[PDB]
Structures are given as C-alpha cells and as structure tokens.
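Below you will find one chain, with nothing else, as structure tokens; this is the form deposited in one PDB entry, and questions on how it binds or moves follow later.
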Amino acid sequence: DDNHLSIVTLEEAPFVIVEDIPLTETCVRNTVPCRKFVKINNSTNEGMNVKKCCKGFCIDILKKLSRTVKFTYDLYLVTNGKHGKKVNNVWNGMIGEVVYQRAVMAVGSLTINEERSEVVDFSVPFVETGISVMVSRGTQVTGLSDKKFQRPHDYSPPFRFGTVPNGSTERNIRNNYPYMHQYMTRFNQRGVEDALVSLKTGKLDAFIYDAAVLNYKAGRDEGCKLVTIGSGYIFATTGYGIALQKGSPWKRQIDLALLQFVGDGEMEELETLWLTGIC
C-alpha cells in the first residue's frame, strides 16, 4: 500500500495545535486525527498510544496537500525530541523520524537549513522566517547587523537587547557576531512571554528572535505598540519546509503543489486565517 503515508508532526501553536478527542470518538470540524505516544512517567521509555486531534496552519497545508497530491496518511506527533538535533551522531525529533524512515514526511514549523538538508530533502519554503528584531514602537534599529547591536558601546546609552538562549537564534548570533553574543547574555530572556513584558516594561529595548514568531506576536500585541523590523532586514532568511526522505518520489509533486498554493492565493488566505493578527 504505497499511497498511505506515515507523517510526523510536533505541537507548536499556531502551526500545530493538539486537542483531545471529544464526545464521539472522532476528530471533527477542521481537525485531523493524530496519535501521540504518551509516557507513563518521566523516568521511563514506557508509554501508550493516545488518539488526539490536530489542527493549525501546517495541518491545513497537510490537508490541502493530501487532496491535491492524492495521498492518505497516519499522522503522529514526535515524542523523541522536537524539531530535530544531531545528538551523538544521531538525529532526533521530526528530522530523525524522516531520516530513519519512520516517516515519509515531516510537517510542522520546521526550519530549512544546511545541516538538515544534508540528511533530508526539503520542499520549497511555505513560511518565510529567519532572525528578526522586535522593539517598542518609537525605538529605532535596523536588523541584527545594525552597529547598535554589533558595537553597542559606540552609542550612549547602550542598547539593551537579548534573546531566548539555548536555541538556534543564540547559536547563530554566537557564530556570526561573537561580541554581540557575549554582550547580550546578561539580557537573556527565559521565554518569549518574559521577553515581550521585558520590552513592554522598558527593561529591554530590543528582542532578537525568530522572524515568524515575532511577526505573529506583534500581530497580537495588546496595544499594538510592539513592532518588528522590515522584512528586508531579516537576517539569514530561510523558511519552514516539509522534510522528505532523501530521493523521495513525493518531493516534486509536493513542491509543485505548494508553489501552486502560493500562486493561487490559498497560502495568503491561510496566513490570514492562522497567522495574521489584529495589529
């Protein structure tokens, strides 16, 4: 049965939203069935498969792809890692699932990058992202490469700006802008939430983070005072893509389909439906 496809995803609102399975034992409305292997406790490999319901921007894409490319799927949430990291020569998360042939595709908020592209193929990008900057309206900067960030002791008062550490933003900044990275560690933020308040309460002048995340939160700010820079200033621009197995027979049609969606306007509808906010 070559046309029923194992497909892996990962909870990450609003691209993928997981909900329980309600009254009737079936997924309804705009959601699709997705299974999750739910661990017994935190000290074990033991677990149980549980039927969940998934929806969101990427799920609508999956729905649109399934109807157009004509395939069916058993969708499941990855439990071993998140998006994907090489750990002790081994890929975990969604990437790994694809690499070790448990999934034909990964669908979710998965960033296209060089390293991953070595072991999986990617579709064309279907959401633009990269490293961006958020400020309180008024505050003047361009993107990451602004001197106010690179040499912040050239200006008075010096900018205060940070990121959420331990992720790809910090790691990119540390590899491209060593001193800026050294400088902003004292301004680190534990979460995206804490960063936004840090911005709103003047304890931070600039939040440096993932483009797609920042646009989304800016669209939903109570007061519309938190604003992201122009897209022309996004640094290390890239996109979310669907990961496929190297040399997959599906990539061409998935590519052509996604490009059809963009061309036809369907993608903008979707971004308006799920990502566009009031601001």
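Under this definition, the rigid core comprises the largest set of C-alpha atoms superposing within 1.5 Å between the forms. Residue positions are given as counts along the sequence shown, with the first one as 1.
The same protein also exists as the form deposited in another entry; that form is not shown, yet it is the one meant from here on.
- Shift analysis on the rigid core between this form and the one not shown singles out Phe161 from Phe161, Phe126, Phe122, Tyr76 (C-alpha displacement of 2 Å or more).
- After superposition on the rigid core, the Cα of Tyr179 moves by 2 Å or more between this form and the one not shown.
- Put the two forms on the same core and the Cα of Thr111 is off by less than 2 Å between this form and the one not shown.
- Here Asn92 does not count as shifted, since its C-alpha moves by less than 2 Å between this form and the one not shown after the core is aligned.
- Compared with the form shown here, the Cα atoms of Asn42 and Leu10 move at least 3 Å farther apart in the other entry.
- Look at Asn42 and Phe15: in the other entry their Cα atoms move 3 Å or more farther apart than in this form.
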